[PDB]
Structures are given as structure tokens and as C-alpha cells.
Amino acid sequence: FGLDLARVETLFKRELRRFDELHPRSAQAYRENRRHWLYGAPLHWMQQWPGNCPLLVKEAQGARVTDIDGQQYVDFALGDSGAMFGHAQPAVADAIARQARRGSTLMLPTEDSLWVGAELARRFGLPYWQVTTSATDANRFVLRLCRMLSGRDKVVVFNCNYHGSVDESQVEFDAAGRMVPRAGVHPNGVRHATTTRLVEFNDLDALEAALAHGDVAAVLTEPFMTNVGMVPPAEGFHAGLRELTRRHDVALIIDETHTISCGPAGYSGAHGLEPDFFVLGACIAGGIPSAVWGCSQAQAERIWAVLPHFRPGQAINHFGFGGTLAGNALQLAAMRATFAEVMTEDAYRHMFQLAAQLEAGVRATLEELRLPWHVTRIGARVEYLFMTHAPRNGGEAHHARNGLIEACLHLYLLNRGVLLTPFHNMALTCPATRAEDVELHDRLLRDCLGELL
């Protein structure tokens, strides 16, 4: 990847010691938290920050975070996209506070459901919606409905996808091109040959071959892959994807959990995609676990034919989906505030300006230092990969990832006041991001790469 991995190790060791010296109170907190949390924090992923422990946060507002050692950071991680519009958005926090004081979960709708439903239909151009407690659940429940309406069992996913803890998606290609369980993800009693057909992104011949078996209920995909570095769709790919799925009467599910960074109506709204189902995760509810999914008129009619509107005195049933806190008053209050006051044309304009500045700065550094790396941007989200050209598919992109280089870069920036999500080589801008924050990121990255070369 253009770096001497021995030099990377040397710097990494120095930065691990620097981390220890700078963050003693977080380290002390980690010692205590390891006594009661299985992986030393409430979520096991939090153990994967670089350095010897995750930081304990004291407070965060906008794109600023302060830890319990008093260190201040510019935050380009933004809760690993869960806080994509910034921390403590005043309208959203106020809406949450107000609604908590007048009922957070009633198993009933409130007036906010009226406004939000209409807004979803307007913004995203699909007529009918439902709410879940996570993007994973939206994907799981949509897949269930697709199996119900189609009578087919398999889902098509793309190599190196991520769609949440959707067991049927947890596959990859081995060296012989065989579909096997994803590395480090136990098959969990699933026999994926019975549930899943795997294809590389940007491969219409392979997609046609998968669908031709006639056992595929749905294709599930991001419109632009974001969970193995960034893989843009090729020229003509979306047209072909949409045509092939129509020809085979297969549902097309577009997951915009990350690609909502492309604009106020997502990638689908910018590019005239025609999803059968549309999934969007928790950036919309201010840190309250949430997601929405929507469907076309044609899919709604098919769903109602297999699951009719409930009749008075009918036996109660969940039908295998929904959840007890799904669609609750608190979620809907936060969504209303977010769509009305946060996800505006002006917000996206600001985010794009700063993200374009950040992208251009990274690109200048890579070009100056002659690194065989590249940088890609989708709206507010910028990510680099350790290969010369944009990957044609997820398989290619996976080979350009390296845990040591990533950890070293991330830690070097963390120790100097910039937080990047540990799971990607990405930076996310929000309405509270400032030009000086981009300048700091740019300088530190140039400094780090400079020390390595």
C-alpha cells in the first residue's frame, strides 16, 4: 500500500504510548467498565477504537467532543454516522425533551405521525411508510414481506455489503469464488446456500445469472457501497439493476442508511432511482434508535393482499415483525424536528462545501506524496482507500483495507484532537463543522503520512 509496514508499526507503538499519557482517566474508566461490561463498554464495537481503550465522553455539541481527561476533539465520526447532522441539534434535543415530558411510548400514534408520514412521502417519493427501531430491523422486515408476497426464499446481496445484523447477508466470496459465511461471522445455524445468492457489485451478467434461478424474493443493496470503503455504481449499473429485477419480478430494496449523505432525498432522489422498497436508519431521530422504510404503491397493494388491514375483533398477531417501541411518540417527535429543521437544502449546502474542501485536501496530499491511494466523496461523506483507482466492486475494495495502517492513522489524529470513526477511513461533515476543523484534519493527515514516508 505504498508504506513500509515496519515504519507504520514503529509510529503506531509511539502513538499507543502517547495515547496512554494523554488519556489516563479514560484508561481508569475502562479498567472499571471491564468488570461489568462483557467487552468493556455497552457495545462491543466500542472496543475497536484505536488506543488502549475507548474514550469516555464528557460532553458533545455540534462537531465538538470533550472527553473526561479534558481533551477536546473535532468529531468527523459523528457516532459512526448515527449523529450525522451533529450532536445535540437544538431543535431535535428540544423536541425529544418536550415529548418525553408528555408520553414517550403509548402503543399509539400522536399528531407528529400525521406530519411525518406526509413528509416522508413528499421527500422520498414513495407513498407508504412504517417505522422500526433500527435499520437492521427495517431490512429484516422488508425481506420478510418480500418472501411473503413472492413465495420465494432467497435474497441477493453484494459482496462486502453491510446491512446490519441481517443473518442472510453475512456472506462473502472465498478465493475460488464460492459463497461462504463472512469472515468472523458465525453462520448462526443458517445454511446460506438456501437463503442467499451473492454477486459482485457492478456485474450485470452475474446478477442476471443469480435472478434467473427464479428463487430470489429481493435484491438488497446500498445504491453506492459505503461499508468496504466506497464503491460507486458503474455507468449503466442502476438502469440494469432496475431492468433485471423488473424482468424477473424481483423486489429492489435500496438501503440509504449511509447514502442519505448524497442529498435531502438521498441518492435515489438525486439519481431518479425507482426502488420497490426504501430503507433509512437512525440519523433521522436524534440518537433515538429508529429507522423508516417505505414502499411503492404497487408493493403496498401486494402486501395488503397477503396481509389485509386488521378487522374489528380479529385475533391479534404481530405476523413476525414490528416491535414494541417501534413508531413511538419519542421517535416521531425527533423525526419531525429533523425533517423540518435539520435536513434542509441549506444544511446540505454547507455540508457539501466543507466535504468538498476536505476531499480536495486529502487528494492534494495523496498526489503530493505519490501514494497509490485515492479519495472518494458522496455528498457529505469522504473516504479514502489504499488502491490507485476506484474499486469496481466490493471484492476489489476489501483487498485495499489494512487494520494496522488504519489504526495508526486514526490514532495519530485522535491524539491530536480529531476523531474519525474507527471502522472506515472516512470523515463526515455536518452543519456544525467549520472550515478550521477541515483545516486541522488536513494538516494532521499530511503530518502523519509525512512521518511514515
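From 1 onward, residues are counted along the sequence shown.
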item	value
Per the entry, higher mean C-alpha B factor between 62-70 and 396-404	396-404
Higher-B stretch (mean Cα B-factor, as the entry records it), 437-445 or 5-13	5-13
Given 114, 92, 166, 366, the residue at which the Cα B factor reaches its maximum	366
Selection by C-alpha B-factor (highest) of 127, 379, 232, 281	281
Among modelled residues of the same chain, the CA temperature factor third for residue 419	middle
Record-listed C-alpha B factor of residue 57: chain third	middle
B-factor third for the C-alpha atom of residue 173 within its chain	highest
Residue 203 CA temperature factor, ranked by third within the chain	highest
Third of the chain, ranked by Cα B-factor, where residue 345 sits	middle
